[PDB]
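Participant: My structure is in coords31.tsv, and what it holds is TSV, C-alpha atoms and all ligand atoms:
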chain	number	residue	atom	x	y	z
K	1	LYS	CA	0.00	0.00	0.00
K	2	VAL	CA	1.97	3.05	1.31
K	3	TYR	CA	5.44	3.83	-0.11
K	4	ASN	CA	7.77	6.35	1.57
K	5	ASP	CA	4.95	7.13	4.08
K	6	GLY	CA	2.52	8.01	1.26
K	7	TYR	CA	4.84	10.38	-0.60
K	8	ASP	CA	5.90	8.07	-3.50
K	9	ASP	CA	3.93	6.19	-6.20
K	10	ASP	CA	4.37	2.79	-7.94
K	11	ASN	CA	7.28	3.98	-10.10
K	12	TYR	CA	9.06	5.42	-7.00
K	13	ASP	CA	8.19	8.92	-8.25
K	14	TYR	CA	7.40	11.57	-5.65
K	15	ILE	CA	3.71	12.39	-5.84
K	16	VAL	CA	3.68	16.09	-6.74
K	17	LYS	CA	1.00	18.40	-5.43
K	18	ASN	CA	0.55	21.99	-6.58
K	19	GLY	CA	0.98	24.51	-3.78
K	20	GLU	CA	3.24	22.37	-1.63
K	21	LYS	CA	6.17	24.23	-0.04
K	22	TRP	CA	9.43	22.41	0.46
K	23	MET	CA	11.99	23.37	3.06
K	24	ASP	CA	10.19	26.61	3.64
K	25	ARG	CA	11.66	27.71	0.30
K	26	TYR	CA	10.41	26.24	-2.94
K	27	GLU	CA	6.72	26.73	-3.83
K	28	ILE	CA	5.70	23.93	-6.16
K	29	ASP	CA	3.61	25.09	-9.12
K	30	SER	CA	3.23	22.18	-11.53
K	31	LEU	CA	4.73	19.18	-13.27
K	32	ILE	CA	6.60	20.21	-16.47
K	33	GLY	CA	8.64	17.16	-17.31
K	34	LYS	CA	8.90	13.41	-16.88
K	35	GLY	CA	11.33	10.61	-17.69
K	36	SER	CA	13.02	7.40	-16.62
K	37	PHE	CA	15.00	9.34	-13.94
K	38	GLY	CA	11.87	10.77	-12.28
K	39	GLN	CA	10.13	14.13	-12.73
K	40	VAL	CA	10.77	17.84	-13.29
K	41	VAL	CA	8.74	20.50	-11.63
K	42	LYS	CA	8.38	24.28	-11.91
K	43	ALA	CA	8.88	26.02	-8.56
K	44	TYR	CA	9.37	29.50	-7.21
K	45	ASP	CA	12.41	29.90	-5.02
K	46	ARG	CA	11.49	32.42	-2.34
K	47	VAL	CA	15.10	33.09	-1.29
K	48	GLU	CA	16.59	33.98	-4.70
K	49	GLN	CA	13.16	35.23	-5.81
K	50	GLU	CA	12.96	33.47	-9.16
K	51	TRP	CA	11.41	30.55	-10.90
K	52	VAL	CA	13.38	27.33	-11.06
K	53	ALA	CA	13.08	23.91	-12.59
K	54	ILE	CA	13.62	21.15	-10.00
K	55	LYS	CA	14.52	17.71	-11.26
K	56	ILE	CA	13.11	15.19	-8.73
K	57	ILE	CA	14.96	11.89	-9.02
K	58	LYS	CA	13.10	8.66	-8.15
K	59	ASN	CA	13.53	7.13	-4.70
K	60	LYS	CA	15.67	4.13	-5.76
K	61	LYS	CA	19.42	3.41	-5.46
K	62	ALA	CA	19.74	2.94	-9.26
K	63	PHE	CA	18.36	6.36	-10.18
K	64	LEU	CA	20.06	8.07	-7.26
K	65	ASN	CA	23.46	6.76	-8.33
K	66	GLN	CA	22.88	7.80	-11.94
K	67	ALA	CA	21.78	11.26	-10.86
K	68	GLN	CA	24.79	11.79	-8.57
K	69	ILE	CA	26.93	11.13	-11.73
K	70	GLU	CA	24.95	13.93	-13.48
K	71	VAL	CA	25.55	16.20	-10.47
K	72	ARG	CA	29.26	15.60	-10.59
K	73	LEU	CA	29.49	16.45	-14.30
K	74	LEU	CA	27.34	19.57	-13.97
K	75	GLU	CA	29.39	20.90	-11.08
K	76	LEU	CA	32.54	20.08	-13.05
K	77	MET	CA	31.17	22.05	-16.07
K	78	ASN	CA	29.71	24.98	-14.15
K	79	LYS	CA	33.14	25.25	-12.44
K	80	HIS	CA	34.79	25.83	-15.86
K	81	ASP	CA	32.05	28.41	-16.84
K	82	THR	CA	31.05	30.84	-13.99
K	83	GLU	CA	29.99	33.46	-16.62
K	84	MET	CA	27.66	30.89	-18.38
K	85	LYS	CA	28.92	31.74	-21.89
K	86	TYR	CA	28.92	28.11	-23.13
K	87	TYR	CA	25.26	27.11	-23.28
K	88	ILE	CA	25.10	24.27	-20.74
K	89	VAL	CA	22.11	24.33	-18.41
K	90	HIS	CA	23.10	25.72	-15.01
K	91	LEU	CA	22.74	23.54	-11.85
K	92	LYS	CA	22.19	25.91	-8.93
K	93	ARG	CA	22.23	23.51	-6.01
K	94	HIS	CA	20.91	20.12	-4.98
K	95	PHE	CA	19.43	18.74	-1.79
K	96	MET	CA	17.60	15.62	-0.52
K	97	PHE	CA	13.92	16.00	0.20
K	98	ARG	CA	11.79	13.14	1.55
K	99	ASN	CA	14.34	10.65	0.21
K	100	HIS	CA	14.43	12.17	-3.29
K	101	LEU	CA	17.51	13.84	-4.68
K	102	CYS	CA	16.44	17.16	-6.22
K	103	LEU	CA	18.54	19.09	-8.73
K	104	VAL	CA	17.65	22.78	-8.95
K	105	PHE	CA	18.14	24.23	-12.42
K	106	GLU	CA	17.53	27.65	-13.86
K	107	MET	CA	14.04	27.65	-15.37
K	108	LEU	CA	14.10	27.55	-19.18
K	109	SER	CA	11.49	27.99	-21.92
K	110	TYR	CA	10.38	25.61	-24.77
K	111	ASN	CA	12.59	22.96	-26.35
K	112	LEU	CA	13.49	22.69	-30.04
K	113	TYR	CA	11.17	19.73	-30.52
K	114	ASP	CA	8.30	22.03	-29.37
K	115	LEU	CA	9.42	24.57	-31.96
K	116	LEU	CA	9.29	21.96	-34.71
K	117	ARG	CA	5.79	21.05	-33.55
K	118	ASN	CA	4.75	24.69	-33.54
K	119	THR	CA	5.79	24.84	-37.25
K	120	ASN	CA	3.74	21.68	-37.92
K	121	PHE	CA	7.04	20.01	-38.65
K	122	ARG	CA	7.92	22.32	-41.54
K	123	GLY	CA	11.01	23.82	-39.88
K	124	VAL	CA	12.41	27.22	-38.97
K	125	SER	CA	14.45	29.51	-41.14
K	126	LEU	CA	18.04	29.14	-42.21
K	127	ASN	CA	18.83	32.24	-40.16
K	128	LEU	CA	17.49	30.80	-36.97
K	129	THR	CA	19.06	27.41	-37.72
K	130	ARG	CA	22.42	29.25	-38.02
K	131	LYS	CA	22.04	30.74	-34.62
K	132	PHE	CA	21.26	27.38	-33.00
K	133	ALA	CA	24.11	25.80	-34.92
K	134	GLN	CA	26.67	28.42	-33.77
K	135	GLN	CA	25.74	28.05	-30.13
K	136	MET	CA	25.68	24.24	-30.32
K	137	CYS	CA	29.14	24.23	-31.93
K	138	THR	CA	30.43	26.47	-29.12
K	139	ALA	CA	28.89	24.12	-26.57
K	140	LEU	CA	30.59	21.15	-28.18
K	141	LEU	CA	33.93	23.05	-28.19
K	142	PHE	CA	33.44	23.69	-24.49
K	143	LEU	CA	32.68	20.02	-23.81
K	144	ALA	CA	35.87	19.05	-25.64
K	145	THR	CA	37.83	21.01	-23.07
K	146	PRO	CA	40.64	18.53	-22.19
K	147	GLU	CA	39.79	18.38	-18.47
K	148	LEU	CA	36.14	17.87	-19.36
K	149	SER	CA	36.16	15.65	-22.47
K	150	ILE	CA	32.47	15.06	-21.96
K	151	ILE	CA	30.18	13.24	-24.44
K	152	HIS	CA	26.58	14.34	-24.02
K	153	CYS	CA	25.60	11.14	-25.78
K	154	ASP	CA	21.95	11.97	-26.29
K	155	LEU	CA	21.72	15.19	-28.25
K	156	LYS	CA	18.38	15.70	-29.90
K	157	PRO	CA	15.93	18.58	-30.32
K	158	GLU	CA	13.99	17.93	-27.10
K	159	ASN	CA	17.24	18.19	-25.07
K	160	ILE	CA	17.92	21.70	-26.42
K	161	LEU	CA	15.91	24.42	-24.67
K	162	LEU	CA	15.42	28.11	-25.30
K	163	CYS	CA	16.41	30.42	-22.43
K	164	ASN	CA	13.59	32.84	-23.15
K	165	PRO	CA	10.60	32.39	-25.45
K	166	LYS	CA	11.26	35.72	-27.29
K	167	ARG	CA	14.94	35.08	-27.87
K	168	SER	CA	17.15	32.68	-29.70
K	169	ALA	CA	19.57	31.76	-26.85
K	170	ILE	CA	19.71	28.00	-26.14
K	171	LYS	CA	20.92	25.63	-23.40
K	172	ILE	CA	21.68	21.94	-23.51
K	173	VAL	CA	19.99	19.84	-20.81
K	174	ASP	CA	20.07	16.25	-19.55
K	175	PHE	CA	23.56	15.04	-18.79
K	176	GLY	CA	22.16	11.84	-17.24
K	177	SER	CA	23.21	9.72	-20.20
K	178	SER	CA	26.54	11.51	-20.42
K	179	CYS	CA	30.01	10.21	-19.51
K	180	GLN	CA	33.59	11.35	-20.03
K	181	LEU	CA	35.88	9.88	-22.68
K	182	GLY	CA	37.29	6.58	-21.44
K	183	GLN	CA	37.47	2.88	-22.28
K	184	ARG	CA	34.25	1.59	-23.92
K	185	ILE	CA	31.82	0.39	-21.27
K	186	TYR	CA	28.47	1.00	-23.07
K	187	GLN	CA	27.42	0.20	-26.67
K	188	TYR	CA	23.70	0.85	-27.05
K	189	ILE	CA	23.83	4.60	-26.86
K	190	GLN	CA	22.38	7.76	-28.36
K	191	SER	CA	18.77	8.10	-29.57
K	192	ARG	CA	18.23	6.18	-32.73
K	193	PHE	CA	17.54	8.99	-35.20
K	194	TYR	CA	20.75	10.71	-33.99
K	195	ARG	CA	22.90	7.61	-33.48
K	196	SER	CA	26.24	7.70	-35.19
K	197	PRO	CA	27.53	5.18	-37.67
K	198	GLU	CA	30.40	4.16	-35.34
K	199	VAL	CA	27.84	3.25	-32.68
K	200	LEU	CA	25.56	1.39	-35.11
K	201	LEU	CA	28.70	-0.51	-36.22
K	202	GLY	CA	29.74	-1.42	-32.65
K	203	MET	CA	32.96	0.49	-33.10
K	204	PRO	CA	34.87	2.63	-30.57
K	205	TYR	CA	33.55	6.15	-30.07
K	206	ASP	CA	34.57	9.56	-28.86
K	207	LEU	CA	33.22	13.18	-28.74
K	208	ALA	CA	32.64	13.11	-32.50
K	209	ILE	CA	29.39	11.14	-32.00
K	210	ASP	CA	27.87	14.34	-30.60
K	211	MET	CA	28.83	16.19	-33.83
K	212	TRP	CA	27.03	13.53	-35.92
K	213	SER	CA	23.94	14.04	-33.81
K	214	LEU	CA	24.27	17.80	-34.37
K	215	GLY	CA	24.41	17.46	-38.17
K	216	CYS	CA	21.20	15.41	-37.98
K	217	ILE	CA	19.52	17.96	-35.68
K	218	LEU	CA	20.41	20.97	-37.75
K	219	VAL	CA	18.91	19.60	-40.97
K	220	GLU	CA	15.74	18.69	-38.98
K	221	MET	CA	15.43	22.19	-37.56
K	222	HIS	CA	15.30	23.53	-41.09
K	223	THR	CA	13.25	20.80	-42.83
K	224	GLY	CA	10.89	20.08	-39.90
K	225	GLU	CA	11.47	16.27	-40.20
K	226	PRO	CA	14.21	13.95	-38.97
K	227	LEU	CA	16.96	13.38	-41.54
K	228	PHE	CA	17.11	9.69	-40.75
K	229	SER	CA	13.91	8.30	-39.15
K	230	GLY	CA	14.84	4.65	-38.63
K	231	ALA	CA	12.18	2.43	-37.12
K	232	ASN	CA	15.00	0.08	-36.02
K	233	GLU	CA	18.81	-0.06	-36.42
K	234	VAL	CA	18.74	-1.75	-39.83
K	235	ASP	CA	16.28	0.83	-41.19
K	236	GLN	CA	18.40	3.58	-39.59
K	237	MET	CA	21.55	2.47	-41.36
K	238	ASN	CA	19.70	2.07	-44.66
K	239	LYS	CA	18.37	5.65	-44.37
K	240	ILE	CA	21.88	6.92	-43.73
K	241	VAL	CA	23.15	4.97	-46.75
K	242	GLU	CA	20.48	6.46	-49.11
K	243	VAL	CA	21.94	9.86	-48.43
K	244	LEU	CA	25.66	9.31	-47.82
K	245	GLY	CA	26.45	6.13	-49.74
K	246	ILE	CA	28.04	2.93	-48.54
K	247	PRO	CA	30.48	3.51	-45.67
K	248	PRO	CA	34.20	3.28	-46.61
K	249	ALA	CA	35.71	-0.20	-46.70
K	250	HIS	CA	38.41	0.63	-44.13
K	251	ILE	CA	35.68	1.40	-41.61
K	252	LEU	CA	33.52	-1.66	-42.30
K	253	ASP	CA	36.57	-4.01	-42.19
K	254	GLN	CA	36.95	-3.01	-38.53
K	255	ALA	CA	33.25	-2.99	-37.62
K	256	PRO	CA	32.04	-5.77	-35.38
K	257	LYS	CA	28.41	-5.24	-36.45
K	258	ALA	CA	29.19	-4.71	-40.14
K	259	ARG	CA	27.21	-7.81	-41.09
K	260	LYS	CA	24.11	-6.62	-39.37
K	261	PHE	CA	23.74	-4.23	-42.38
K	262	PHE	CA	26.23	-5.13	-45.11
K	263	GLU	CA	27.88	-8.18	-46.70
K	264	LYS	CA	31.50	-8.66	-47.87
K	265	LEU	CA	31.77	-9.76	-51.53
K	266	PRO	CA	34.57	-12.12	-52.67
K	267	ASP	CA	36.64	-9.09	-53.87
K	268	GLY	CA	36.50	-7.43	-50.45
K	269	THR	CA	33.87	-4.86	-51.40
K	270	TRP	CA	30.74	-4.30	-49.33
K	271	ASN	CA	27.09	-4.01	-50.39
K	272	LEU	CA	23.82	-3.68	-48.53
K	273	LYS	CA	21.96	-6.79	-47.48
K	274	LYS	CA	18.42	-6.85	-48.93
K	275	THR	CA	15.62	-7.11	-46.36
K	276	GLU	CA	12.05	0.00	-50.08
K	277	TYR	CA	15.22	2.11	-50.33
K	278	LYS	CA	16.64	4.40	-52.98
K	279	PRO	CA	20.08	3.22	-54.20
K	280	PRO	CA	23.07	4.25	-52.08
K	281	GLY	CA	23.92	7.93	-52.27
K	282	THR	CA	20.93	8.92	-54.44
K	283	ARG	CA	18.88	10.78	-51.82
K	284	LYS	CA	21.19	13.76	-51.91
K	285	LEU	CA	21.28	16.38	-49.19
K	286	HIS	CA	21.39	19.12	-51.87
K	287	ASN	CA	17.88	17.93	-52.86
K	288	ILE	CA	16.62	17.33	-49.37
K	289	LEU	CA	17.52	20.92	-48.48
K	290	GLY	CA	16.20	22.33	-51.77
K	291	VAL	CA	19.40	24.28	-52.36
K	292	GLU	CA	18.33	25.38	-55.87
K	293	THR	CA	14.52	24.95	-55.49
K	294	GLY	CA	13.71	27.46	-52.71
K	295	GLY	CA	14.46	25.39	-49.66
K	296	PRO	CA	12.41	22.58	-48.11
K	297	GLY	CA	9.28	22.00	-50.18
K	298	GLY	CA	9.92	25.41	-51.80
K	299	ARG	CA	8.70	27.21	-48.68
K	300	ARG	CA	11.63	29.66	-48.47
K	301	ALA	CA	11.58	30.93	-52.07
K	302	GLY	CA	12.32	34.66	-52.00
K	303	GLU	CA	13.07	34.82	-48.28
K	304	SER	CA	16.26	36.78	-47.50
K	305	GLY	CA	19.30	34.77	-46.50
K	306	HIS	CA	17.95	31.79	-48.45
K	307	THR	CA	19.83	32.05	-51.75
K	308	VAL	CA	21.66	29.19	-53.50
K	309	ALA	CA	24.91	30.50	-52.00
K	310	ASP	CA	23.49	30.54	-48.46
K	311	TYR	CA	22.24	26.95	-48.82
K	312	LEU	CA	25.50	25.62	-50.29
K	313	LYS	CA	27.38	26.82	-47.19
K	314	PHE	CA	24.80	25.10	-44.99
K	315	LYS	CA	25.00	21.92	-47.04
K	316	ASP	CA	28.79	21.83	-46.97
K	317	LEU	CA	28.90	22.26	-43.20
K	318	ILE	CA	26.39	19.44	-42.59
K	319	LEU	CA	28.30	17.01	-44.83
K	320	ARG	CA	31.40	17.72	-42.78
K	321	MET	CA	29.30	16.92	-39.66
K	322	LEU	CA	28.02	13.74	-41.27
K	323	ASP	CA	31.44	12.43	-42.25
K	324	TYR	CA	31.51	8.65	-41.83
K	325	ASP	CA	34.99	8.73	-40.39
K	326	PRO	CA	34.98	9.98	-36.78
K	327	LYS	CA	38.67	11.01	-37.15
K	328	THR	CA	37.99	13.09	-40.29
K	329	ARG	CA	34.62	14.38	-39.07
K	330	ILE	CA	34.68	18.12	-38.53
K	331	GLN	CA	35.59	19.22	-35.01
K	332	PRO	CA	33.94	22.10	-33.06
K	333	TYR	CA	36.81	24.60	-33.48
K	334	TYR	CA	36.83	24.29	-37.28
K	335	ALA	CA	33.08	24.17	-37.55
K	336	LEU	CA	32.93	27.65	-35.93
K	337	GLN	CA	35.28	28.96	-38.65
K	338	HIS	CA	33.04	27.71	-41.48
K	339	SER	CA	31.78	30.32	-43.98
K	340	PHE	CA	28.20	29.51	-42.89
K	341	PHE	CA	28.97	31.55	-39.78
K	342	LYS	CA	30.18	34.80	-41.51
K	401	LIG	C1	9.46	22.59	-19.46
K	401	LIG	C2	9.82	24.05	-19.44
K	401	LIG	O1	8.99	24.83	-19.89
K	401	LIG	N1	11.03	24.50	-18.98
K	401	LIG	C3	11.99	23.72	-18.52
K	401	LIG	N2	13.13	24.20	-17.99
K	401	LIG	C4	14.00	23.23	-17.58
K	401	LIG	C5	15.21	23.40	-17.02
K	401	LIG	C6	16.01	22.33	-16.64
K	401	LIG	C7	15.52	21.04	-16.87
K	401	LIG	CL1	16.42	19.62	-16.45
K	401	LIG	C8	14.26	20.91	-17.46
K	401	LIG	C9	13.54	21.98	-17.79
K	401	LIG	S1	12.04	22.05	-18.49
Taking this structure as input, can you express it in the form of structure tokens?
Ligand SMILES: CC(=O)Nc1nc2ccc(Cl)cc2s1
Facilitator:
Amino acid sequence: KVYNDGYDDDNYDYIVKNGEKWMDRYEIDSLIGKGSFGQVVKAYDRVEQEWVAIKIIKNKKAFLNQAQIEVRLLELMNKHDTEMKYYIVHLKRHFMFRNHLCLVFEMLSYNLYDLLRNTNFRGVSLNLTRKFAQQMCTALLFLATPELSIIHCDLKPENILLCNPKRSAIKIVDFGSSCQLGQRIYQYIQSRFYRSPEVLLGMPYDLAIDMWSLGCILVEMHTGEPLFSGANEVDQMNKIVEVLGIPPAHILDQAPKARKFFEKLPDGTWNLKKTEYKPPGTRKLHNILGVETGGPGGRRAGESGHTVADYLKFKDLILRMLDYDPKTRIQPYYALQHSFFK
């Protein structure tokens, strides 16, 4: 019957009530978020006199331990910011309340998935996509800081939030799936639509998997639709191949899961296994983006900053983000120097 003296539910989530007042400080307004970790609530902090977002972790050793790993990375990041110029969500403090670890974040506005939805999945402009792209690239540069070397490991539109609904400043949230660069412990990582080829191929990975995810995200922000909407891993890889061609032989020769997707011919060349799909490399990004045809579905014809020349810069940057080879794939520092950002 009763769990944690009536405070927790079946899933070990704290049962939130509007109007409750924790620690004579936080006035709970409403539930704004939910996930495997627990819940997120909007609350007014009476001491600092501002709204905050409190992430209430479930009352279970597994989720507690995961969330203390998130706390450690956040404090490590926020210790190399202070001025907050690098677009990571800011952890203010944490405390235990009725056996739930609570992380107090600055309160943010809508996420980029909500934006897509608000466009009816037709996308936002190239100008706004540039602004998100610039900030995300600066965030990834920050994460690559040697003493950090953090992989967010689950970048996707819903994990990118606007600071303010009338402005274009963004913050990355949810470092619960994140770890630093080390020996490979985990293999089933990233969200499928944004999952890198190295990961699909069971290969070793580094910070470059975040850059792959970013390429995918940026095209989606402009088209309204995911670049690669795989219903499973095989379909995911096939959708990547349609656009980018068969992965290079030197990669696939080292891939433990090569044969999940491809097959080695007697001459050492690799083709797709049949299971539907356009031939490899024939769903070109140039055409997906509508470089010469007025953008996605022609919806940006005549709009300023949407000329052929503007689109070719965007296209060229994304292809450098979607490089098959993680060692050749563009890095944050050089991405910021791309002509797309002039
Ligand atoms: C949901 C909303 O309108 N604002 C939000 N703001 C935040 C800030 C931190 C975290 Cl982890 C989640 C959220 S959700």
Participant: Out of K:310, K:106, K:206, K:323, which residue has the shortest atom-to-atom distance to residue K:171 when counting all atoms listed in the file?
Facilitator: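 Distance minimum relative to residue K:171 lands on K:106.
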Participant: Collect all residues with atoms no farther than 12 Å from ligand LIG 401 (chain K), counting all atoms listed in the file, and output them as a PyMOL selection string.
Facilitator: chain K and resi 30-35+37-43+51-57+67+70-71+74+88-92+102-114+158-165+170-176
Participant: Convert the current residue selection to file output with C-alpha atoms, as a PDB file, keeping the file's coordinate frame.
Facilitator:
ATOM      1  CA  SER K  30       3.230  22.180 -11.530  1.00  0.00           C
ATOM      2  CA  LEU K  31       4.730  19.180 -13.270  1.00  0.00           C
ATOM      3  CA  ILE K  32       6.600  20.210 -16.470  1.00  0.00           C
ATOM      4  CA  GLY K  33       8.640  17.160 -17.310  1.00  0.00           C
ATOM      5  CA  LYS K  34       8.900  13.410 -16.880  1.00  0.00           C
ATOM      6  CA  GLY K  35      11.330  10.610 -17.690  1.00  0.00           C
ATOM      7  CA  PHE K  37      15.000   9.340 -13.940  1.00  0.00           C
ATOM      8  CA  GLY K  38      11.870  10.770 -12.280  1.00  0.00           C
ATOM      9  CA  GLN K  39      10.130  14.130 -12.730  1.00  0.00           C
ATOM     10  CA  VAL K  40      10.770  17.840 -13.290  1.00  0.00           C
ATOM     11  CA  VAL K  41       8.740  20.500 -11.630  1.00  0.00           C
ATOM     12  CA  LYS K  42       8.380  24.280 -11.910  1.00  0.00           C
ATOM     13  CA  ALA K  43       8.880  26.020  -8.560  1.00  0.00           C
ATOM     14  CA  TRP K  51      11.410  30.550 -10.900  1.00  0.00           C
ATOM     15  CA  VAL K  52      13.380  27.330 -11.060  1.00  0.00           C
ATOM     16  CA  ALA K  53      13.080  23.910 -12.590  1.00  0.00           C
ATOM     17  CA  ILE K  54      13.620  21.150 -10.000  1.00  0.00           C
ATOM     18  CA  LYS K  55      14.520  17.710 -11.260  1.00  0.00           C
ATOM     19  CA  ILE K  56      13.110  15.190  -8.730  1.00  0.00           C
ATOM     20  CA  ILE K  57      14.960  11.890  -9.020  1.00  0.00           C
ATOM     21  CA  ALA K  67      21.780  11.260 -10.860  1.00  0.00           C
ATOM     22  CA  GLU K  70      24.950  13.930 -13.480  1.00  0.00           C
ATOM     23  CA  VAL K  71      25.550  16.200 -10.470  1.00  0.00           C
ATOM     24  CA  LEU K  74      27.340  19.570 -13.970  1.00  0.00           C
ATOM     25  CA  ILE K  88      25.100  24.270 -20.740  1.00  0.00           C
ATOM     26  CA  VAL K  89      22.110  24.330 -18.410  1.00  0.00           C
ATOM     27  CA  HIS K  90      23.100  25.720 -15.010  1.00  0.00           C
ATOM     28  CA  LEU K  91      22.740  23.540 -11.850  1.00  0.00           C
ATOM     29  CA  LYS K  92      22.190  25.910  -8.930  1.00  0.00           C
ATOM     30  CA  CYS K 102      16.440  17.160  -6.220  1.00  0.00           C
ATOM     31  CA  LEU K 103      18.540  19.090  -8.730  1.00  0.00           C
ATOM     32  CA  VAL K 104      17.650  22.780  -8.950  1.00  0.00           C
ATOM     33  CA  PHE K 105      18.140  24.230 -12.420  1.00  0.00           C
ATOM     34  CA  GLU K 106      17.530  27.650 -13.860  1.00  0.00           C
ATOM     35  CA  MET K 107      14.040  27.650 -15.370  1.00  0.00           C
ATOM     36  CA  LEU K 108      14.100  27.550 -19.180  1.00  0.00           C
ATOM     37  CA  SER K 109      11.490  27.990 -21.920  1.00  0.00           C
ATOM     38  CA  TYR K 110      10.380  25.610 -24.770  1.00  0.00           C
ATOM     39  CA  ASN K 111      12.590  22.960 -26.350  1.00  0.00           C
ATOM     40  CA  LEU K 112      13.490  22.690 -30.040  1.00  0.00           C
ATOM     41  CA  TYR K 113      11.170  19.730 -30.520  1.00  0.00           C
ATOM     42  CA  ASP K 114       8.300  22.030 -29.370  1.00  0.00           C
ATOM     43  CA  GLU K 158      13.990  17.930 -27.100  1.00  0.00           C
ATOM     44  CA  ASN K 159      17.240  18.190 -25.070  1.00  0.00           C
ATOM     45  CA  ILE K 160      17.920  21.700 -26.420  1.00  0.00           C
ATOM     46  CA  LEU K 161      15.910  24.420 -24.670  1.00  0.00           C
ATOM     47  CA  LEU K 162      15.420  28.110 -25.300  1.00  0.00           C
ATOM     48  CA  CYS K 163      16.410  30.420 -22.430  1.00  0.00           C
ATOM     49  CA  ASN K 164      13.590  32.840 -23.150  1.00  0.00           C
ATOM     50  CA  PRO K 165      10.600  32.390 -25.450  1.00  0.00           C
ATOM     51  CA  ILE K 170      19.710  28.000 -26.140  1.00  0.00           C
ATOM     52  CA  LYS K 171      20.920  25.630 -23.400  1.00  0.00           C
ATOM     53  CA  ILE K 172      21.680  21.940 -23.510  1.00  0.00           C
ATOM     54  CA  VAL K 173      19.990  19.840 -20.810  1.00  0.00           C
ATOM     55  CA  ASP K 174      20.070  16.250 -19.550  1.00  0.00           C
ATOM     56  CA  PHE K 175      23.560  15.040 -18.790  1.00  0.00           C
ATOM     57  CA  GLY K 176      22.160  11.840 -17.240  1.00  0.00           C
TER      58      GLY K 176
END
Participant: Report the centre and edge lengths, in Å to one decimal, of an axis-aligned box enclosing every atom of stretch 158-171 of chain K listed in the file, padded by 6 Å on each side, as AutoDock Vina command-line options.
Facilitator:
--center_x 15.8 --center_y 26.8 --center_z -26.1 --size_x 22.3 --size_y 29.8 --size_z 19.3
Participant: Which residue, K:96, K:254, K:135, K:227, has the smallest gap to residue K:284 when you use all atoms listed in the file?
Facilitator: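 Result for the nearest residue to residue K:284: K:227.
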Participant: Could you tell me how far atom CA of residue K:236 lies from atom CA of residue K:190, in Å and to one decimal?
Facilitator: 12.6 Å
Participant: Need to verify the contact set: residue K:60, 7 Å, all atoms listed in the file, exclusion of same-chain residues closer than 3 positions in sequence. Can you return it as a tab-separated table (two decimals) with C-alpha atoms, in the frame of the given file?
Facilitator:
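Listed below is the output, selection.tsv:
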chain	number	residue	atom	x	y	z
K	12	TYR	CA	9.06	5.42	-7.00
K	63	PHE	CA	18.36	6.36	-10.18
K	64	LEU	CA	20.06	8.07	-7.26
Participant: Write out, as CSV, each residue of stretch 276-340 of chain K that has an atom at most 12 Å from stretch 241-248 of chain K, together with the closest pair of atoms and their distance in Å to one decimal, counting all atoms listed in the file, rows going by chain and rising number.
Facilitator:
residue,atom,partner,partner_atom,distance
K:276,CA,K:242,CA,10.7
K:277,CA,K:242,CA,6.9
K:278,CA,K:242,CA,5.8
K:279,CA,K:242,CA,6.0
K:280,CA,K:242,CA,4.5
K:281,CA,K:245,CA,4.0
K:282,CA,K:242,CA,5.9
K:283,CA,K:243,CA,4.7
K:284,CA,K:243,CA,5.3
K:285,CA,K:243,CA,6.6
K:286,CA,K:243,CA,9.9
K:287,CA,K:243,CA,10.1
K:288,CA,K:243,CA,9.2
K:289,CA,K:243,CA,11.9
K:318,CA,K:244,CA,11.4
K:319,CA,K:244,CA,8.7
K:320,CA,K:244,CA,11.4
K:321,CA,K:244,CA,11.7
K:322,CA,K:244,CA,8.3
K:323,CA,K:244,CA,8.6
K:324,CA,K:247,CA,6.5
K:325,CA,K:248,CA,8.3
K:326,CA,K:247,CA,11.9
Participant: Keeping only C-alpha atoms, write the selected residues as a CSV table (one decimal), keeping the file's coordinate frame.
Facilitator:
chain,number,residue,atom,x,y,z
K,276,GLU,CA,12.0,0.0,-50.1
K,277,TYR,CA,15.2,2.1,-50.3
K,278,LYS,CA,16.6,4.4,-53.0
K,279,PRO,CA,20.1,3.2,-54.2
K,280,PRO,CA,23.1,4.2,-52.1
K,281,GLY,CA,23.9,7.9,-52.3
K,282,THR,CA,20.9,8.9,-54.4
K,283,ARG,CA,18.9,10.8,-51.8
K,284,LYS,CA,21.2,13.8,-51.9
K,285,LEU,CA,21.3,16.4,-49.2
K,286,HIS,CA,21.4,19.1,-51.9
K,287,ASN,CA,17.9,17.9,-52.9
K,288,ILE,CA,16.6,17.3,-49.4
K,289,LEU,CA,17.5,20.9,-48.5
K,318,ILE,CA,26.4,19.4,-42.6
K,319,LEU,CA,28.3,17.0,-44.8
K,320,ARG,CA,31.4,17.7,-42.8
K,321,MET,CA,29.3,16.9,-39.7
K,322,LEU,CA,28.0,13.7,-41.3
K,323,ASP,CA,31.4,12.4,-42.2
K,324,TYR,CA,31.5,8.6,-41.8
K,325,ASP,CA,35.0,8.7,-40.4
K,326,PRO,CA,35.0,10.0,-36.8
